[PDB]
Amino acid sequence: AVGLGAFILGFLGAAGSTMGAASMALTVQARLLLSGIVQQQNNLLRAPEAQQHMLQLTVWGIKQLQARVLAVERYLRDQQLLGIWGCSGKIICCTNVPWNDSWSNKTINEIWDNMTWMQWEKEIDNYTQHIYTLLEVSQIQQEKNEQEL
Amino acid sequence: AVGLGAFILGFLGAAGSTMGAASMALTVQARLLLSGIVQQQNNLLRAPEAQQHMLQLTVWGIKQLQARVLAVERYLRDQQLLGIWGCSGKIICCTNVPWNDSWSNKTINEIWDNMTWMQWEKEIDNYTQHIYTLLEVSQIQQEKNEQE
Amino acid sequence: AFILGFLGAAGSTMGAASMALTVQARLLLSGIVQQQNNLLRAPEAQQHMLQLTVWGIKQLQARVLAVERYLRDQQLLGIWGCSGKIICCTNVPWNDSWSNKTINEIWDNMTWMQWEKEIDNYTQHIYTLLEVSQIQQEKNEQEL
Amino acid sequence: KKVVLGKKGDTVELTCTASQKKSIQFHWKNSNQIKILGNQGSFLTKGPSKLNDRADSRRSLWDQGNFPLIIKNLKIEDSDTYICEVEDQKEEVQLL
Amino acid sequence: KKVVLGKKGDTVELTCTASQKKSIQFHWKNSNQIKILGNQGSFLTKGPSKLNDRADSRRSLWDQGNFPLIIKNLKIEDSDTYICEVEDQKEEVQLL
Amino acid sequence: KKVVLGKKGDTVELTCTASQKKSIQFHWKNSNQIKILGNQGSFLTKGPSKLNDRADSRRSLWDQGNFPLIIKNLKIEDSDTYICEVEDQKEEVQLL
Amino acid sequence: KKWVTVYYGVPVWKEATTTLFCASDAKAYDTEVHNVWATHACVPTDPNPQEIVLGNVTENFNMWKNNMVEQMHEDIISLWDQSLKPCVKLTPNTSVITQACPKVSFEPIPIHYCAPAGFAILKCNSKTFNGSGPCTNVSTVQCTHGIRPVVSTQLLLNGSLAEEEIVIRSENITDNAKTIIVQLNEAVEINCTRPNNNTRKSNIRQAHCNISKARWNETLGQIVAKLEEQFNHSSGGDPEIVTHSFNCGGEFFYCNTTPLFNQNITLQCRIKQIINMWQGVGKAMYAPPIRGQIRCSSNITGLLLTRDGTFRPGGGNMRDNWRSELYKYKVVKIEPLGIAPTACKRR
Amino acid sequence: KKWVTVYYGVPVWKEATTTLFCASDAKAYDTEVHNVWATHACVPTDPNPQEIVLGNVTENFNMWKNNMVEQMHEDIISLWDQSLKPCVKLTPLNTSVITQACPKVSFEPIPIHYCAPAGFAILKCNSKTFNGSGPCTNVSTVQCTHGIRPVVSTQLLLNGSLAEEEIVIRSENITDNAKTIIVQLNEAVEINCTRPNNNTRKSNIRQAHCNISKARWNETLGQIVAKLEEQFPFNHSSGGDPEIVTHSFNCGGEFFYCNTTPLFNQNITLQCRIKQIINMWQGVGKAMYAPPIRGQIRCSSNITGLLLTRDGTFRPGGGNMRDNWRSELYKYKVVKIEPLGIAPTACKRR
Amino acid sequence: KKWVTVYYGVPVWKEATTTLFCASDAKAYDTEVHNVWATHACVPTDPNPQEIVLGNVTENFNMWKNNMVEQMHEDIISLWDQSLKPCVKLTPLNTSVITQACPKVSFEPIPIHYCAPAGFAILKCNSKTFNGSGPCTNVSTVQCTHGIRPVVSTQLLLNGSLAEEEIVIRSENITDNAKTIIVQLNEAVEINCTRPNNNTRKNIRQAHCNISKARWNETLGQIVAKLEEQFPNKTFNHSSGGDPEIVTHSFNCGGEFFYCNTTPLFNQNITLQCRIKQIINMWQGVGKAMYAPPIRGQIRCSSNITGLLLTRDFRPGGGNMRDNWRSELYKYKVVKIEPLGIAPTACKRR
Ligand SMILES: *[C@@H]1O[C@H](CO)[C@@H](O[C@@H]2O[C@H](CO)[C@@H](O[C@@H]3O[C@H](CO)[C@@H](O)[C@H](O[C@H]4O[C@H](CO)[C@@H](O)[C@H](O)[C@@H]4O[C@H]4O[C@H](CO)[C@@H](O)[C@H](O)[C@@H]4O)[C@@H]3O)[C@H](O)[C@H]2NC(C)=O)[C@H](O)[C@H]1NC(C)=O
Ligand SMILES: *[C@@H]1O[C@H](CO)[C@@H](O[C@@H]2O[C@H](CO)[C@@H](O[C@@H]3O[C@H](CO)[C@@H](O)[C@H](O[C@H]4O[C@H](CO)[C@@H](O)[C@H](O)[C@@H]4O[C@H]4O[C@H](CO)[C@@H](O)[C@H](O)[C@@H]4O)[C@@H]3O)[C@H](O)[C@H]2NC(C)=O)[C@H](O)[C@H]1NC(C)=O
Ligand SMILES: *[C@@H]1O[C@H](CO)[C@@H](O[C@@H]2O[C@H](CO)[C@@H](O[C@@H]3O[C@H](CO)[C@@H](O)[C@H](O[C@H]4O[C@H](CO)[C@@H](O)[C@H](O)[C@@H]4O[C@H]4O[C@H](CO)[C@@H](O)[C@H](O)[C@@H]4O)[C@@H]3O)[C@H](O)[C@H]2NC(C)=O)[C@H](O)[C@H]1NC(C)=O
Ligand SMILES: Cc1ccc(-c2ccc(NC(=O)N3CCC4(CCO4)CC3)cc2)cc1
Ligand SMILES: Cc1ccc(-c2ccc(NC(=O)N3CCC4(CCO4)CC3)cc2)cc1
Ligand SMILES: Cc1ccc(-c2ccc(NC(=O)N3CCC4(CCO4)CC3)cc2)cc1
Ligand SMILES: *[C@@H]1O[C@H](CO)[C@@H](O)[C@H](O)[C@H]1NC(C)=O
């Protein structure tokens, strides 16, 4: 809902769809929005006209903007913080750290077609710190190797 | 003129010249700014000092912020939505889809030096959806082979 | 808030600042640390309306300006081939005459406040060279 | 064409319509492009012609997309063709 | 279990505790799970048994983590065990 | 330097100037660097010396970049040099 | 060679439809209809307009295909039904409703239209624009100039001037069924008075308007000189068509303009209670005239003419009259993503 | 090529806590306690509620482990301490006793809603078969709650929401015979409580009576029992502090204690008394309030629920204000979203 | 090796100027000059100061080459021109003379502070030792300065800030005998200035100020102890003369213009001999103006001496109000951040 974000709200609908479906959904929306097919709509609150509405439409006016501004800072922040694993400036980023069956012994189509992110990120929650560490290490080694060529 | 971010300002300027000139002028201003030679003027409405400006500078204050915040969001969305054609995070994206003369049988110098973006995007507006489709297809094929 | 998270490193060395940014970003990516902001609350009462609206709006204007500069620079840097990056390594060699110092001396025994004074008179020169290299690199690839 | 026959001294009605039912501004003109009637929004004008007098329109129907020309006390000289000016629908109707 | 021996015809205070040093919900129940005494936030209530009457607690010590059961004019028939329900610390005591 | 010969009892009018035509802090001092006359923004002050008296200026010309030292009832004993302190334009003049 | 290149920040604008905000100098304390209505409808105007002239950008404008006109019209319908309420309102079988009629003052104030969240408004600054076609001087604003919501027919009052020359503009100047708008480059004062001594009845509904003969004839002369490059009694119809109909002070006036189209020449004016409505087809009754003296003073800024297939000054209806102010504005949006071939290829 | 791939836009919820803020339609000119409090404590109400349904996402709720309850607790005790000031306040120490001046004030609870700070949102369960905990199959997101009146209630729950179709019996452990069972009714029972202005006599001035419609009362219990019998194939309170034993409440600033014996065992009348000595619900302690108001006081309340207990065949329970708030806050939880996630993908870097 | 690398987010500031704005606790209802000016000129004060210490940063704060001083100057001139209006104002031209009515207003300076516009910040020195314009080792960043009352007193610096621990003596050149030496005290000394109700004779223009002997003597002994640091072999006198605003210790209190004879201070209850005058040399620029005759009633100031101005050729002196403001606005500078920097690194592009 409003107050939660900007980026995430666009990506929050169909939260119960599978992750495969979510990817396809994002792809079609970009086709529709890059193209001239889908028009944009705004969700902005109106400024007051009269003194009687000054508190009501100023407090919420400011709060809506604060939420959206912070959402932008988080989007942009995270987009560069992620450069540690090499994946800066990306939504989807493929790396060379292999998946172990010790993390999840499932196939790719089982994970992408019969599961939502809501379940997936709970099933492997205890491997999060481990995997993230490996991603950092892999990026460091890649940088080392390229600089040596 | 509506506070459509800081992004669409230099482009009101660009609207008045050729496509070539627009790229040039943007390059020039950009280097002057990077170098610390010139500075941009901040245009932020003064919040009111006095009671008589309530419902005036407070409404126009919020209205400018909404226009600017929204412009930033729209900007960022396009920068990432362009991932479909492999053009995310860019102002200029050169692709591997060739131009057809059937879209426009003109010389590159004629296109960039004797025309403005305002005319260019009208003369070939009927091929826009077509080209966009081709760009997606090409990006998919490139990923398909890059991943082999 | 781009500058705010970086300016607090003033007084530390250049190397220390780079390490600090790497670590904090890592903690954030992993969900290890939590943050609170410094936003001013909108007024509860009509009596606090000028007080929490004037500063409410000014704070938002400052944050919007900060993102506009951030994004502007991230793309203006395309000229040197540094767009989209915080750190951009190029193929223009350092001319020793600009400093005559070792990399470790610069990064470990100096801060950015000192370093950028030491080489201030070569700023325009270096920037010019960076543009030239990017132009040549673009040609080299387009020529193939 | 919408063609009707009248007799000297009677009252007849010719009609123009709009499918949108938005009271689209209309005009009535004869074969020599002489203005007979027309509206200005909700108001009824008369043309500065021989048909200025003894002319009317059931204005309550304009909001229903019906823009009639009513000519009272017809003379044989009034039995002309008429052109509808509604939207781009330059339809011909005729009085015999 | 913790066993407390009195003089039978007297008043006995049995206790349940919590390390939180906070007033929290608690209950005392007998061997047939019949409520004896417990709280309702800050308030003291009695359980609908033979120990409904002749009973008390120390409301003032609930924020010290001490939740006593005081049985007055104790009878031999009352020498049962009791289960504490404080947090998940389901301790048992016996009264003799 | 600029040297001016006067007669006993007359008025001197030595000047210091500034091309800026701004409100400028300035001072006049003798050869021993003893203050004679100077300003404090719009205000005129005097120095703690033999020239504390018999001295004036032209306040009305200060924003025109003209800062005079006017010694009245000139004596031959006043035939010293004077140093201007206007901005960094430390010019010297002398009386005879 | 000649490869597709995608560009972002492409300065291409297209006409678009959005809902506009209104803005005005409302007072909110003086009981007057427009200030009170505006208090709960419009915000104060942009304190710092940008007026950015876009170089020599040429833009195709067309005042007769515009939609800003509808935005103004819808707001006006709300303004009038919410203020100068008729005692009896009859409209489509038909039905009638009735209302209490407190009287209120009525003095139109300028109302500006503003475009939110992008949607810049382009303005034509050409003096030779003539209603439609490419405009060679285009600027961009967030808010339009203010337009007073005047509902006069025939002669239009308190609008803007053409400044240098009289402009004759129409959708089809050779058809003449459609109203031709004559925008004056000069205003002519009109002084309308109903003295408090006209107390008789069977008078209380009579008034007269003072027009300078010299100013009027100078104006007609310039209009004709311009018309000649391509003035009689009005033709007839409802009284809102036939006479110079206007509302001032809340009173509804119907003035006889024969003296203008045939010094201190006067129009013969009546004040009426039975008014044909312009909100749709229907009629309404308003309470009888205010006891006392009413004096109105206005600037004649335009003339509405029709001609047959030498002019009849019988034009004007609501939503058409406002085109005389909105002719120079359009709302556009930017589509920053575009394509051009260039001298490169990917990789 | 089943390699780790990093993604943004992963809509994965985590329960989180935050300093939620309150909002209400406060007035600041009517002198009443809530509107002279909420005007400095709470902001104007949400101008545009969204109710976004999150598809068919199933989310686990637990009304007894919620944190929104603590936020409600702290704000209400602040409200009370800052308004309904006792003349004598007694806090355990030995004891600590202080005194205050006692202007009387009007006291009429208004709905107050809690709203998420930026970066947070509140999920709510729209299930008609809520149960009390476990998976909810209809989840929507809002910034703010619907608005809950800070009504003390104590024995029976007054001026809350209804279950609409069925009476919902909610308990952390329905068979432990220890925890209070919260009963949410599908119909409100109207109660009309009056102290007529003829009660001017002294030992009278502390007497009042409440009228309950018999048909509504008996039908309500019949439905409750019918459900209790499904869970488990008829008495009054056991005793204790008077606030638990009787249906105590604060209305008009006065503290009423109504005898519900006639209800638990037309125009059923309860004997009520107005007291000056009240055991506090805010914590352990006691307080004295100013003597009764001369005049006629009438309260009209909606019973929307009950606090019942069952032993090791049911009774009224009461007090424990956290439970009264749970009865309305059960539908809501605060979450944050962690947009960065990972999954195996058939790909390689380059 | 040693290739050029570009870094964005570099924590480097450089001096900059800007149209810095004021904020104050303005009231708009008390008729007083500052509170009927600041209500249109200044915003409410900063509700959430940050005071961020920049690590180990050492930086130069040259109070005599600052720009914040000019902004303060222009705003004070507007304040005065718009309030304490003379009946006759004379400006150099020949002259140009205009007249005004002399309504009287009260005059009680309130703290006013300056705040940074978006993109800017103010650095401040928090050290005890500054060496005048030199570097200090305690630097923090703020959005707004400490409030300063815009007092235009002349020989003594009234109602300013304190040095807290030691008397701090500052000059661009402590030895050129051209600069005014600013002395900031670590303690305030009260000056009880009164114009009593019995002054009805013509006396109506007489006044007096009472200063503690113990306080004056201790303060001056402490000043000497610090003067000895620069002048260890030397050893406070009557001023030399000049415009009366300099010669006597003038100030504006209650709207009256006081001229106090400080001879007793620079040589309990030391009594200064004060007069109230109507013909005043303007401090605002070169020119003169006339004010209305004295107020019939009793006016008292009870001001704080928080500093003084000395000159050496160590006499009292003053004027050039911008230099008094330099003291009060001492230790602040406006800077902006330049996010790009370049350094050599051990890497290469492709
Ligand atoms: C073009 O613009 C011009 C402005 O440049 C417009 O001109 C203004 O027109 C209004 C028309 O009403 C006129 O307003 C009156 O001014 C009077 C000033 O003395 C007021 O006294 C008068 O108020 C009375 O009449 C109102 C009804 O109209 C009542 O509502 C009000 O309560 C007052 O009525 C009481 O007093 C009278 C007098 O004793 C008595 O008869 C009543 O019974 C009652 O007791 C109006 O406010 C403005 O003064 C004109 N402005 C100028 C500069 O001339 C012009 O209208 C615009 N043109 C168009 C077409 O809109
Ligand atoms: C559940 O919700 C319902 C609403 O849906 C709540 O019902 C409301 O309860 C309040 C309780 O006070 C009641 O308010 C009173 O209404 C009276 C109308 O006549 C007022 O007269 C009365 O004001 C007097 O008492 C106040 C103190 O109680 C004083 O502060 C005030 O100044 C008035 O007192 C003076 O005047 C009287 C009369 O002359 C005199 O006796 C006094 O001595 C003194 O001089 C209150 O405003 C509402 O009317 C009820 N609303 C409805 C629709 O019935 C219900 O309370 C909620 N339930 C719970 C448990 O909270
Ligand atoms: C340093 O800081 C201190 C604060 O710590 C400042 O001290 C304050 O100074 C003001 C100004 O003098 C003083 O305000 C007056 O207090 C009086 C108390 O009795 C009021 O009576 C007086 O109001 C009258 O005078 C005003 C004009 O000065 C009028 O505008 C006003 O309407 C009043 O007029 C009536 O009374 C007078 C006097 O009898 C009579 O002549 C009139 O005809 C009429 O009848 C002011 O409010 C504060 O009280 C002082 N504060 C303290 C604690 O003492 C000090 O001034 C600062 N120093 C400098 C140099 O700025
Ligand atoms: C403030 C703000 C900033 C950015 C955004 C935003 C919107 C849409 C996307 N789109 C996306 O992630 N997609 C997935 C990858 C793909 C398929 C092949 O390319 C295109 C679609 C990203 C960010 C929203 C708000
Ligand atoms: C509006 C706004 C926009 C962006 C930001 C922002 C915050 C933090 C970073 N982080 C960073 O610069 N780092 C350095 C490079 C590194 C070390 C190895 O990779 C990771 C960490 C960037 C932008 C804040 C606000
Ligand atoms: C919120 C926000 C604010 C400002 C901007 C902004 C960013 C970049 C430009 N610059 C540009 O378009 N250029 C042309 C191409 C080139 C030459 C080689 O790269 C660089 C210069 C303008 C505005 C975007 C978002
Ligand atoms: C329903 O309530 C009972 C209470 O004892 C609990 O055990 C059960 O887990 C709850 N939820 C569901 C879905 O059964």
# chains A, B, ... in the order shown; residues from 1 in each chain; ligands from 1
>>> residues_around(residues="residue 12 of chain C", least_positions_apart="3", cutoff="8 Å", atoms="only C-alpha atoms", output="MDAnalysis selection string")
(chainID C and resid 9 16:17 111) or (chainID I and resid 55:56)
>>> write_last_selection(atoms="N, CA, C and O atoms", output="PDB file, in the first residue's frame")
ATOM      1  N   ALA C   9      32.808  10.052   6.454  1.00  0.00           N
ATOM      2  CA  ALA C   9      34.141   9.485   6.365  1.00  0.00           C
ATOM      3  C   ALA C   9      35.202  10.578   6.328  1.00  0.00           C
ATOM      4  O   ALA C   9      36.402  10.281   6.320  1.00  0.00           O
ATOM      5  N   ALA C  16      40.707   4.073   3.775  1.00  0.00           N
ATOM      6  CA  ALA C  16      39.728   3.749   4.790  1.00  0.00           C
ATOM      7  C   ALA C  16      38.322   3.995   4.309  1.00  0.00           C
ATOM      8  O   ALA C  16      37.430   3.186   4.577  1.00  0.00           O
ATOM      9  N   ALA C  17      38.117   5.085   3.571  1.00  0.00           N
ATOM     10  CA  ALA C  17      36.793   5.389   3.076  1.00  0.00           C
ATOM     11  C   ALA C  17      36.295   4.315   2.118  1.00  0.00           C
ATOM     12  O   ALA C  17      35.133   3.899   2.209  1.00  0.00           O
ATOM     13  N   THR C 111      44.015  11.787   3.042  1.00  0.00           N
ATOM     14  CA  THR C 111      42.569  11.819   2.873  1.00  0.00           C
ATOM     15  C   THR C 111      42.219  12.508   1.565  1.00  0.00           C
ATOM     16  O   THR C 111      43.078  13.127   0.929  1.00  0.00           O
TER      17      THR C 111
ATOM     18  N   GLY I  55      34.582  13.546  12.037  1.00  0.00           N
ATOM     19  CA  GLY I  55      35.777  12.802  12.380  1.00  0.00           C
ATOM     20  C   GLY I  55      36.873  13.650  13.007  1.00  0.00           C
ATOM     21  O   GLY I  55      36.677  14.348  14.003  1.00  0.00           O
ATOM     22  N   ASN I  56      38.040  13.553  12.370  1.00  0.00           N
ATOM     23  CA  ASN I  56      39.294  14.204  12.724  1.00  0.00           C
ATOM     24  C   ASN I  56      39.588  15.426  11.850  1.00  0.00           C
ATOM     25  O   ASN I  56      40.732  15.879  11.764  1.00  0.00           O
TER      26      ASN I  56
END
>>> residues_near_ligand(ligand="ligand 3", cutoff="8 Å", atoms="only C-alpha atoms and all ligand atoms", output="tab-separated table (two decimals) with N, CA, C and O atoms, in the first residue's frame")
chain	number	residue	atom	x	y	z
I	31	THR	N	3.67	43.45	18.69
I	31	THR	CA	3.96	44.82	18.16
I	31	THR	C	5.45	45.22	18.10
I	31	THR	O	5.80	46.21	17.46
I	32	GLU	N	6.29	44.44	18.74
I	32	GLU	CA	7.72	44.65	18.86
I	32	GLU	C	8.34	44.59	17.49
I	32	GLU	O	7.88	43.83	16.65
I	104	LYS	N	6.09	55.37	17.70
I	104	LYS	CA	7.10	54.66	18.45
I	104	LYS	C	6.77	53.21	18.60
I	104	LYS	O	5.60	52.83	18.73
I	105	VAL	N	7.81	52.41	18.57
I	105	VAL	CA	7.71	50.99	18.74
I	105	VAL	C	8.73	50.55	19.76
I	105	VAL	O	9.73	51.24	19.95
I	106	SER	N	8.50	49.40	20.38
I	106	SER	CA	9.49	48.88	21.29
I	106	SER	C	10.58	48.19	20.50
I	106	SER	O	10.37	47.79	19.35
I	107	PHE	N	11.72	48.00	21.14
I	107	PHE	CA	12.82	47.37	20.45
I	107	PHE	C	13.60	46.45	21.38
I	107	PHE	O	14.38	46.89	22.24
I	108	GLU	N	13.41	45.16	21.16
I	108	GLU	CA	14.01	44.11	21.95
I	108	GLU	C	14.52	42.98	21.05
I	108	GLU	O	13.80	42.02	20.79
I	109	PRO	N	15.78	43.02	20.61
I	109	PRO	CA	16.40	42.07	19.70
I	109	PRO	C	16.20	40.65	20.19
I	109	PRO	O	16.37	40.37	21.37
I	149	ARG	N	21.41	37.65	18.71
I	149	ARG	CA	20.51	38.79	18.80
I	149	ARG	C	21.19	39.91	18.01
I	149	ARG	O	22.36	40.20	18.27
I	151	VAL	N	22.05	42.98	18.01
I	151	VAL	CA	22.30	44.12	18.87
I	151	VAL	C	23.39	44.96	18.22
I	151	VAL	O	24.37	44.41	17.73
I	152	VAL	N	23.21	46.27	18.20
I	152	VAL	CA	24.18	47.19	17.59
I	152	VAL	C	24.85	48.09	18.62
I	152	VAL	O	24.90	49.30	18.44
I	153	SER	N	25.25	47.50	19.73
I	153	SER	CA	25.92	48.24	20.79
I	153	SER	C	27.32	48.59	20.30
I	153	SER	O	27.84	47.91	19.40
I	158	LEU	N	27.03	43.82	23.67
I	158	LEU	CA	25.97	43.38	24.54
I	158	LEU	C	25.15	42.21	23.96
I	158	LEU	O	25.02	42.08	22.74
I	159	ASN	N	24.68	41.33	24.89
I	159	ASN	CA	23.79	40.18	24.74
I	159	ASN	C	24.26	39.16	23.67
I	159	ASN	O	23.44	38.57	22.96
I	197	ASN	N	11.28	57.20	36.18
I	197	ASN	CA	10.03	57.98	36.07
I	197	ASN	C	10.09	59.41	36.57
I	197	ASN	O	9.21	60.21	36.27
I	251	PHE	N	24.01	52.34	22.62
I	251	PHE	CA	23.15	51.20	22.31
I	251	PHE	C	21.68	51.60	22.11
I	251	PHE	O	21.24	52.65	22.58
I	252	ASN	N	20.90	50.74	21.45
I	252	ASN	CA	19.46	50.98	21.30
I	252	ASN	C	18.67	49.98	22.14
I	252	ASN	O	18.78	48.77	21.92
I	253	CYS	N	17.94	50.49	23.17
I	253	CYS	CA	17.19	49.71	24.15
I	253	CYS	C	15.80	50.30	24.38
I	253	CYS	O	15.65	51.44	24.83
I	254	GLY	N	14.76	49.56	23.99
I	254	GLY	CA	13.39	50.02	24.21
I	254	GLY	C	12.97	51.02	23.15
I	254	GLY	O	11.88	51.58	23.19
I	255	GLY	N	13.86	51.21	22.19
I	255	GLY	CA	13.69	52.17	21.12
I	255	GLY	C	14.46	53.45	21.44
I	255	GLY	O	14.57	54.34	20.59
I	256	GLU	N	14.98	53.57	22.66
I	256	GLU	CA	15.74	54.77	22.98
I	256	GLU	C	17.19	54.60	22.59
I	256	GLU	O	17.78	53.52	22.75
I	295	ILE	N	10.73	59.14	25.73
I	295	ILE	CA	9.51	58.55	26.27
I	295	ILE	C	9.29	58.90	27.74
I	295	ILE	O	10.17	58.68	28.57
I	296	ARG	N	8.10	59.39	28.08
I	296	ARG	CA	7.83	59.70	29.47
I	296	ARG	C	7.33	58.45	30.18
I	296	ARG	O	6.20	58.02	29.99
I	297	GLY	N	8.19	57.89	31.02
I	297	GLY	CA	7.95	56.65	31.72
I	297	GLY	C	9.29	56.08	32.16
I	297	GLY	O	10.30	56.78	32.14
I	298	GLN	N	9.30	54.82	32.58
I	298	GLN	CA	10.55	54.23	33.06
I	298	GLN	C	11.04	53.06	32.25
I	298	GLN	O	10.36	52.04	32.10
I	299	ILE	N	12.25	53.20	31.76
I	299	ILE	CA	12.89	52.21	30.92
I	299	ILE	C	14.14	51.60	31.54
I	299	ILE	O	15.05	52.30	31.95
I	300	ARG	N	14.18	50.28	31.59
I	300	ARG	CA	15.34	49.58	32.14
I	300	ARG	C	15.78	48.50	31.15
I	300	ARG	O	14.92	47.89	30.51
I	301	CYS	N	17.11	48.26	31.04
I	301	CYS	CA	17.71	47.29	30.10
I	301	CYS	C	18.30	46.06	30.79
I	301	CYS	O	18.06	44.93	30.36
I	302	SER	N	19.10	46.24	31.84
I	302	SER	CA	19.73	45.07	32.50
I	302	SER	C	20.41	44.16	31.48
I	302	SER	O	20.08	42.97	31.36
I	303	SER	N	21.30	44.73	30.67
I	303	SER	CA	21.93	44.00	29.58
I	303	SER	C	23.14	43.18	30.07
I	303	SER	O	23.64	43.41	31.17
I	304	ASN	N	23.59	42.20	29.25
I	304	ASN	CA	24.77	41.37	29.50
I	304	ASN	C	25.97	41.85	28.66
I	304	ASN	O	25.89	41.89	27.43
>>> residues_around(residues="segment 8-22 of chain B", least_positions_apart="3", cutoff="9 Å", atoms="only C-alpha atoms", output="ChimeraX atom specification")
/B:1,3-5,25-27,71,109,111-118,120 /G:9-13,52,54-58,334,336
>>> residues_near_ligand(ligand="ligand 2", cutoff="6 Å", atoms="only C-alpha atoms and all ligand atoms", output="VMD selection string")
chain H and resid 105 to 109 151 159 249 to 253 293 to 296 299 to 301
>>> interface_residues(of="chain I", to="chain F", cutoff="7 Å", atoms="only C-alpha atoms", output="ChimeraX atom specification")
/I:92,240-243,283-286,313,318-320
>>> write_last_selection(atoms="C-alpha atoms", output="PDB file, in the first residue's frame")
ATOM      1  CA  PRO I  92      24.707  62.658   0.990  1.00  0.00           C
ATOM      2  CA  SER I 240      40.561  59.530  21.806  1.00  0.00           C
ATOM      3  CA  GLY I 241      37.433  61.098  20.344  1.00  0.00           C
ATOM      4  CA  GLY I 242      35.281  61.002  17.219  1.00  0.00           C
ATOM      5  CA  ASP I 243      31.587  60.693  16.477  1.00  0.00           C
ATOM      6  CA  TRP I 283      25.558  53.376  11.561  1.00  0.00           C
ATOM      7  CA  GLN I 284      23.866  52.133   8.428  1.00  0.00           C
ATOM      8  CA  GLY I 285      25.957  54.260   6.090  1.00  0.00           C
ATOM      9  CA  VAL I 286      27.089  57.823   5.890  1.00  0.00           C
ATOM     10  CA  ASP I 313      48.402  52.363  19.542  1.00  0.00           C
ATOM     11  CA  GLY I 318      33.953  50.369  18.117  1.00  0.00           C
ATOM     12  CA  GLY I 319      31.747  51.157  15.140  1.00  0.00           C
ATOM     13  CA  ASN I 320      31.720  49.245  11.859  1.00  0.00           C
TER      14      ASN I 320
END
>>> interface_residues(of="chain B", to="chain C", cutoff="7 Å", atoms="only C-alpha atoms", output="MDAnalysis selection string")
chainID B and resid 6 30 35 44 47:48 61 65 69 89
>>> select_by_dssp(residues="segment 224-262 of chain I", states="strand (DSSP E)", output="list in words")
residues 249, 250, 251, 252, 253, 256, 257, 258, 259, 260 and 261 of chain I
>>> residues_near_ligand(ligand="ligand 4", cutoff="6 Å", atoms="only C-alpha atoms and all ligand atoms", output="ChimeraX atom specification")
/A:6-7,26-27,30,72,91 /B:73,76-77,80-81,83-84
>>> residues_around(residues="residue 93 of chain E", least_positions_apart="3", cutoff="7 Å", atoms="only C-alpha atoms", output="ChimeraX atom specification")
/E:1-3,81-83
>>> residues_near_ligand(ligand="ligand 1", cutoff="9 Å", atoms="only C-alpha atoms and all ligand atoms", output="PyMOL selection string")
chain G and resi 31-32+103-109+148-152+156-159+191+196+246-251+290-299
